[PDB]
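Order of the sequence lines fixes the chain letters, A, B, ..., with proteins taken first and strands second; residue numbering starts at 1 for each chain. What's counted below: heavy atoms across the whole structure, side chains too, no hydrogens, waters or symmetry copies.
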Amino acid sequence: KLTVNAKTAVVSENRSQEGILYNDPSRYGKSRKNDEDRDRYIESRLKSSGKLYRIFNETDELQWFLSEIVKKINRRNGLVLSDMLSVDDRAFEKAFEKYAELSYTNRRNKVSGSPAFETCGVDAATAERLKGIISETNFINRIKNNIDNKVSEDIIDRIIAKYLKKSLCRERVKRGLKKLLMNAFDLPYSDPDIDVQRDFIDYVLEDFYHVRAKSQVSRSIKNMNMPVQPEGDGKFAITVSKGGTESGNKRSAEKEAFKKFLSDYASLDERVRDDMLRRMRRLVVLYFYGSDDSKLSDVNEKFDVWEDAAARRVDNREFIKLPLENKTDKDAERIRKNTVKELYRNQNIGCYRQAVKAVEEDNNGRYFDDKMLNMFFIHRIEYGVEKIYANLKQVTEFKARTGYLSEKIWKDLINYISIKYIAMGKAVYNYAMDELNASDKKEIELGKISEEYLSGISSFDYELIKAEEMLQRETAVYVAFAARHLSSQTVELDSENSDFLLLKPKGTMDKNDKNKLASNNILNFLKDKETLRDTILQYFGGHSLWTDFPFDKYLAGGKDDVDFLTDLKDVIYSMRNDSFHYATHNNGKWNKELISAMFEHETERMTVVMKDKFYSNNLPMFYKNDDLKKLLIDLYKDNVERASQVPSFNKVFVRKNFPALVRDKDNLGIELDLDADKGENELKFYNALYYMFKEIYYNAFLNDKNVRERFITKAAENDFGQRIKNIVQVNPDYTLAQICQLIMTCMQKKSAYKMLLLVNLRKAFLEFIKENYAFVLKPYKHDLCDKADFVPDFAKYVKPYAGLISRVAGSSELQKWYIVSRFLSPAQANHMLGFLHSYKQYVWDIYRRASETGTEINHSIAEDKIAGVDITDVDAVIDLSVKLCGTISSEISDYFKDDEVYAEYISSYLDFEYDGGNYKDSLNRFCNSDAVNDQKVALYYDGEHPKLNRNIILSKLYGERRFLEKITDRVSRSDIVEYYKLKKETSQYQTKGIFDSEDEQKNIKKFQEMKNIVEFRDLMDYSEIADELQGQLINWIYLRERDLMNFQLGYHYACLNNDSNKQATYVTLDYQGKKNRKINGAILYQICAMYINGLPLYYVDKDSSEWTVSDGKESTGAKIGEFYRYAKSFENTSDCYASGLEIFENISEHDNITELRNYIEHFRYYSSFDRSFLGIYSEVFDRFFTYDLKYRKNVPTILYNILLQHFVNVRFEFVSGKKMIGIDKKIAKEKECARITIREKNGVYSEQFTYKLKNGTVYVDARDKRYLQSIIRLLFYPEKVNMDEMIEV
RNA sequence: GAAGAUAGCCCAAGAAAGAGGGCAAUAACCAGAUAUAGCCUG
């Protein structure tokens, strides 16, 4: 990469912008490059590549013969341009470079012929010598000087397609090279239109001397800009380049013409938009079908553009003639693909030239009056064709159909309009809606650019927006999951009341018959009002932990456990659509005293929980309580805010390698001196040490001052250490985390500097242990104390939560973070915490880079606060949830009425041979039965009662029972038999960690897999994968919802700022009710109110037929209804909300989009299973992202990545399904829909693990066939597939 | 107004076409350890 040293940014000074290069990390005054240094930096990077320049880059008998031919051509005395042109003590280097400059200039100025060296500052005799050096004769001599083989044309064809330098891969250059090589090897060849000197050799010299980049790259950087900038009148519009050259000024004029299109198109009169889309449609028809197409004959034919679009789809015309397939041969298919790409390009050029001529000669009302707008669109069309064939992965007939291309380009043009309105709305929303912020102002104005942005937008500004929008969208996902989890055991929703958060409090009566409760009254959905409080408290660690809590102090009056449920629901709801940017916020309607007291109650258990994790991880089995007490106080006396982009403990200390690592005498030299329970005690020890080291890593090691200094000293390796010294040079106070982040600084996850960081951290940690926790080196196995006896004096020494308690008491916003994170699974809460960390680091990094480049930056987004509250407090709250979500009660009765219902629940996942009687006894019989030899099943029973199984309870609180039952098979006796058999077979080398034999490793892997089954850990895995698939779907929902609002904002902002007719209340609302307010820019205010929880909407009420203002807390659905009643007066439309949305989506499918969004966000899949994950992802791909190609076209890759993260490789096939258009209430029609499926044969395979041994390496499937089967069932259910054929091994 | 994905946009260039650069700006990628043999290898 050319600018690998530097970063680029766009800065905006006084409504003029500049693309800058800057060195990072650097100090202010040493970072941003001035014009000369930018120029020289580019020059220097270009001339870097000069002397390694070779025509050709870089086992089968032929494929290795090609490689040998290339190498001989590239070896010395071969075709080495640096040697050839530097001859005679570099005396001609300047002349040759000047020749290259004039050769390039001759192309742009249409000057025919190679330059003569006489005009490069050189006499006539020398010119003859130089011309000979860069002649075909000399090239032929240099090319064959190292070759003593007989090469064929096919060898030449293969070498060119496989090894030719990318900058030389243009048709005429490749043809020139082929002609030269055929002449060099005395093979008859004719290509009369090609001149070897001009088409190949002269071009090579232009490439060698980088004449294009030297004259263009620096200026192209300087002219970079953002998508939208303010104009003179303080209005945002799409950015237009300042041009400066002949072609650049034409390009700017076309862009200005499209800017005018966007203004004119934003018309509430749908006839204006229809006519403009028809003119754009005619341009597409002209481009692909020529000026004599029947739809271009009558210039005033108001043909339906979508009917024409549908017509070209079923058209069979071929855009190009495809060559016949080959006699696979990957070399021959690459040749054919290159031939096909050149065919597309030739036809594209012809189409372009024909269209340009026709819009010049045969317009007369067919196209746009503005010639520059027709040219803008023709350039978009040409570009769109190139996007398709430059991409080309596989030559296919469907992609060669003219109607495929015309309709791809049509949707591409609509895409471009869509993303520009969205880009406008993004600027308006972020920078021209200040007065959305809560105030006492009785008159506000929306759509005026905030003072700090009138001089324009920088790239750093948009980085800050991305940081905030990412966290907002990530948080939105967790709000949905928290609502799901709270709803899952408290209510049974139905299809008409599927959103838990929109259920109404217990006193809500029907509006039309006040004798009845409203249909959405929460009472109608309660699963069991009598156990409601105890059910809720399962999510607060079990009601047994709350026996001392004065609930009745807070549920006084008629308030009961239904109001308790309603208050928690209200906390969660208050975070939905809660904008981080616009505070509406700190006034929660729920019982803040109750929530605050519950938080304080939970903080009181934290020291007990953390010390209990030492106990439960068996640390007091190997170390003295007093030594562990010292450690406990060190680790937990202060809440620790973790920094992002520090390598995880588990990557620095790989669990599989851990026992060998701690025993290594160069590291720690720990050897535990231990009969029967030997291996089990060894395993307990290494598991205990792993947990203790993990806690030390995060809570003591990473922030230790001495660790940092020693890491820097101890720290390719010269490169690594060089950047470290640069980093600390730039700021000596950078923490170790910040050094790691600066060091660590393709859409598809890849199947089968970081190491230096892991190594230096691993060694620094071992030394930290030796220096500070030396008692760790001397473990001694002894008996576990009673749990209550282990450091019972612990809470006396530390009070980490003292300050946070009072801050949560006084913050509605902290209470939201608390309740939302607290209702997540432990893995989800951990992910939420990680997103917070990533947000904080990103914001810090942006300000850091803005600062070093001297870029003024409005601190609307703070480094230390979010939504008004300290990030450190949010962090501590979420961290409290992470820990407590994973702390399961020891009382079965906290989760089930008795051992019998518990045992019956276990039977959903375990076949303990239920006879038909009592479950508790059938399970007790099963655990007391013999499994293998003298091995009894055991596992699932703890003396008198069934064993409390952590994974079972976690699946009950946070997983989806019917889903898990549908995608897995219950654990069986034979599973438990196999578990014990592999236990035995591995019992003698289990903590070796890194093994000698190959079948030792494979058996260890098999045991690990069986342990995961009998422990229900695979269940947790599948639940997390489903949560990740569902979470990504919800993420996409909030991506779309953001961009729908932005589209509407940008479109109506454009409308407000054009001359089209606008009614009074579109521009200005003068609300004279008791909460009176005047709103200038009313349409913009009302758009944003639809999407912001807490922002009132002004409308004419259905029942009173009078103007009112809402409290702003009603649902998005209610707000859309209210918006309709606001707009309802408008005469120039019938649906203002939907104005322009034909660009964003297919209007006829709007209700299906809403239905899909609701299906996902209301978790309906888990109740009905009427469609699969693949089917939902298919419908998202098909029509959820109509508004922006860049989201739509990554939908399958994102799915593939999620699976690959879990070591599952899937091969997609794209086929056809069905979708409805419209929603019956009866006008829904069915049609074809994209269907993403998986190849029926060998479509799913496991990633391989690389296991190192003593010998060498063995490759083992990460995931066995049984695991892969459940993944396929997860993806396909309710559909069933032949998994034997689909799974590869 | 189906889909056959594995980008998209900005800047530059450009009709005898051009075809370079940039993007934490834009999604993805990378990274992140919550709990006891589950995320190896690089």
Side-chain angles (χ1 to χ4, degrees), chain A residues 2-3 8 10 19 110 170 212-213 216-217 219-221 223-227 239 241 247-248 305-306 309-310 349 352-353 356 391 393 396 398 411 419 459-463 465-467 613 616-618 644-650 654-656 683-684 687-688 690-691 694 744 746-749 752 754-755 825-827 829-831 834 837-838 842 845-846 882-883 885-886 950 990 1004 1007-1008 1011-1012 1017-1018 1021 1039 1146 1148 1181-1183 1188-1198 1200-1201 1205-1207 1212-1216 1219 1231-1236 1249-1252 1260 1262:
Chain A
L2 195 55
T3 66
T8 75
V10 173
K110 324 153 222 74
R170 298 135 81 110
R212 285 165 179 74
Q216 290 177 197
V217 161
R219 173 172 178 274
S220 79
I221 288 169
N223 280 279
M224 280 187 315
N225 213 332
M226 306 299 296
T239 310
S241 167
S247 72
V305 292
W306 321 107
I349 288 160
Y352 169 90
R353 308 213 167 132
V356 163
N391 211 153
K393 327 256 180 144
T396 65
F398 83 85
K411 293 182 182 85
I419 66 176
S459 54
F460 304 101
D461 290 330
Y462 267 31
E463 292 190 278
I465 290 171
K466 193 201 174 34
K613 300 185 79 171
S616 294
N617 275 281
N618 298 307
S644 69
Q645 287 277 0
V646 177
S648 73
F649 170 76
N650 306 67
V654 175
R655 183 46 179 87
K656 161 194 181 46
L683 179 57
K684 280 199 214 318
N687 283 339
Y690 201 65
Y691 178 75
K694 188 262 287 180
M744 283 295 225
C746 185
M747 306 151 89
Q748 215 153 86
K749 191 170 331 302
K754 210 163 74 164
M755 280 50 154
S825 72
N830 177 73
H831 285 322
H837 297 162
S838 292
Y842 191 11
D845 190 67
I846 298 158
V882 172
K883 287 153 167 168
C885 291
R950 190 153 182 284
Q990 84 202 241
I1004 286 288
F1007 171 72
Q1008 295 183 312
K1011 190 177 182 26
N1012 282 341
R1017 292 179 180 170
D1018 62 332
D1021 208 356
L1039 199 65
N1146 181 340
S1148 305
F1181 181 64
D1182 180 87
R1183 58 177 171 185
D1188 190 340
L1189 285 161
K1190 87 172 165 288
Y1191 303 131
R1192 176 176 75 83
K1193 296 210 287 172
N1194 204 27
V1195 163
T1197 290
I1198 287 169
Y1200 166 91
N1201 294 344
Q1205 275 160 221
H1206 299 273
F1207 304 106
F1212 293 136
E1213 297 280 21
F1214 286 72
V1215 295
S1216 294
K1219 64 173 170 173
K1231 82 168 275 182
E1232 306 230 74
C1233 180
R1235 182 157 97 80
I1236 303 167
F1249 280 164
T1250 302
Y1251 284 138
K1252 313 203 182 299
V1260 183

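Not one side-chain nitrogen or oxygen of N617(A) sits closer than 4.0 Å to the OP1 or OP2 atom of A35(B). The phosphate of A19(B) has OP1 or OP2 within less than 4.0 Å of a side-chain N or O from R170(A). Between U26(B) and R1192(A), no contact under 4.0 Å exists linking OP1 or OP2 to a side-chain N or O. Remark: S247(A) is in phosphate contact with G14(B), judged by side-chain N or O atoms under 4.0 Å from OP1 or OP2. For the pair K110(A) and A17(B), the criterion of a side-chain N or O lying under 4.0 Å from OP1 or OP2 is not met. Distances shorter than 4.0 Å separate some side-chain N or O of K1193(A) from OP1 or OP2 on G8(B). Contact between the side-chain N/O atoms of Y691(A) and the OP1/OP2 oxygens of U36(B) is not found at any separation under 4.0 Å. A close approach under 4.0 Å does occur between a side-chain nitrogen or oxygen of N687(A) and OP1 or OP2 of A37(B). Taking only side-chain nitrogens and oxygens, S241(A) comes nearer than 4.0 Å to OP1 or OP2 of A12(B). Phosphate proximity of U34(B) to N830(A): present, with a side-chain N or O under 4.0 Å from OP1 or OP2. Taking side-chain N and O atoms only, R1183(A) has no distance below 4.0 Å to OP1 or OP2 of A3(B). For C30(B), one of the phosphate oxygens OP1 or OP2 lies less than 4.0 angstrom from a side-chain nitrogen or oxygen of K749(A). In this structure, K466(A) reaches the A27(B) phosphate: one of its side-chain N or O atoms is under 4.0 Å from OP1 or OP2. Listed pair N223(A) / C10(B) fails the phosphate criterion, with no side-chain N or O lying under 4.0 Å from OP1 or OP2.
The side chain of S648(A) approaches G32(B) more closely than any other nucleotide in the set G32(B), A25(B), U6(B). Considering only the side chain of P647(A), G32(B) comes nearest among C40(B), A33(B), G32(B). Side-chain proximity of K393(A) to the nucleotides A7(B), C39(B), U26(B) is greatest for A7(B). Of the candidates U34(B), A7(B), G22(B), the closest approach to any side-chain atom of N391(A) belongs to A7(B). Checking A5(B), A25(B), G32(B) against every side-chain atom of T1197(A), the shortest atom distance belongs to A5(B). Closest approach to the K1252(A) side chain among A12(B), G38(B), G42(B) is made by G42(B) (side chain taken as heavy atoms from C-beta onward). With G4(B), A7(B), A27(B) as the candidates, the nucleotide lying closest to the side chain of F1181(A) is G4(B).
A distance of about 16 Å separates the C1' atoms of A33(B) and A37(B), rounded to the whole Å.
Under the rule for a ring-ring contact (aromatic ring centres under 6.0 Å, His included), the partners of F1207(A) that lie at least two apart in sequence or sit in another chain are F1249(A). Looking at residues two or more places apart in sequence or on another chain, you find no salt bridge (charged side-chain N to carboxylate O under 4.0 Å, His left out) involving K754(A).
Residue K613(A) is in base contact, counting any heavy-atom pair closer than 4.0 Å across all strands shown. Among the protein residues, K411(A) comes within range of the sugar-phosphate backbone only, with heavy atoms under 4.0 Å from sugar or phosphate atoms but none that close to a base.
In terms of polar N and O atoms assigned as donor or acceptor, the side chain of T8(A) comes within less than 3.5 Å of the base of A25(B) in a complementary pairing. Applying the 3.5 Å distance criterion, the base of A2(B) shares a donor-acceptor pair with the side chain of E1232(A). Side-chain to base pairing of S220(A) with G20(B): one donor and one acceptor N or O lie within less than 3.5 Å of each other. Judged by distance alone with a 3.5 Å cut-off, a donor-acceptor contact links the side chain of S1216(A) to the base of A2(B). The base of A15(B) lies close enough to the side chain of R353(A) for a donor and an acceptor atom to sit less than 3.5 Å apart.
Residues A1234(A) and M226(A) both approach RNA chain B. Their nearest nucleotides, taken by heavy-atom distance, put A1234(A) toward the 5′ side. Residue order along RNA chain B, read from the 5' end via each residue's closest nucleotide, puts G248(A) first among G248(A) and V654(A).
An anti base is found at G4(B): its glycosidic angle is more than 90° from 0. Nucleotide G38(B) carries a syn base; the chi torsion (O4'-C1'-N9-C4 or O4'-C1'-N1-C2) is within 90° of 0.
Here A35(B) counts as south. Its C1'-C2'-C3'-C4' torsion is negative.
We find that NZ of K1190(A) is positioned 5 Å from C1' of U26(B), with the value rounded to whole Å.
Nucleotides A7(B) and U26(B) satisfy the base-pair criterion: a Watson-Crick or G-U wobble arrangement whose two donor-acceptor distances both fall under 3.5 Å.
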